[PDB]
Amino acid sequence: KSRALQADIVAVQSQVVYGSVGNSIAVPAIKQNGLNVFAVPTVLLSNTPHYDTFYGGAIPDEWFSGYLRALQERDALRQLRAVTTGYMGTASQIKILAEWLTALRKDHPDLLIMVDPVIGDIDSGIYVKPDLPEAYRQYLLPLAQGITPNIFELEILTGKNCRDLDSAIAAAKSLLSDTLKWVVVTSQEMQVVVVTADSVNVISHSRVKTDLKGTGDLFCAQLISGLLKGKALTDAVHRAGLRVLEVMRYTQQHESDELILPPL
């Protein structure tokens, strides 16, 4: 009966004027799967910070809080089935996001919250706002149904060394709960490990080291789409991984420094 626009997903992450990272790549990827999505920016950059220059910044708490609240006040969540989180600007955004999410669950008992704990890697460590980690551990993590950390991020979230697979698995297992259903850990091959309370599925893709950014965001985008379209978890992870590899190939064949989406 609502006359408002609806969406299957609310994607909360970065946005670039130029480039294919955050919602700039996730939205069209999600659209490709035949799903609707409202994108809520956490940062608005001209391009990723990896280039010689970059401009823009974090979306003000008041604006950010307003964007989320507006989706409710506009009654545009009648079809909401998932909320994905990616690159966050500040801890304050995470706390606000968590509060918004806690509020939603009361009306969307089946809401699938998928969070990508973008914090960093092992080379210099945390390449995002220093206060993000604690914010993830305190407010957001407790709400996630699934998470997609890399080794370093799983270590920061669990406070456990995860260099060895068996160690990463135990760490991921220790995170599972009535709320947290799965942990997808990403590690010349790429290792993607799917962990649930009763299983562990290791997926290895022959991947070549690239400088292309946003693949993690593309990954999560294709993953949630698959889960929402009825794909079993592992299959959904594998397909997401394959779509990413495919896009990277298409992009390189296109001789482009930014991800370009081929048809699905």
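One-based numbering along the sequence shown.
In terms of unmodelled positions of the deposited sequence, the stretch from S187 to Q188 in this entry skips 4 to 9 residues. Between 76 to 84 and 188 to 196, the higher mean Cα B-factor belongs to 188 to 196.
In this entry, 47 to 55 has the higher mean Cα B-factor, the comparison being between 26 to 34 and 47 to 55. When the C-alpha B factors of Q222, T42, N201, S206 are read from the deposited coordinates, the top value falls at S206.
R69: CA B factor in the highest third of modelled residues in this chain (values from the PDB entry). Sorting the modelled residues of the chain by their CA temperature factor places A98 in the middle third. The PDB entry assigns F152 a C-alpha temperature factor belonging to the middle third of its chain's modelled residues. Among the modelled residues of the chain, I122 sits in the highest third by CA temperature factor in this PDB entry.
When the CA B factors of the chain's modelled residues are split into thirds, the value for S177 lands in the lowest one.
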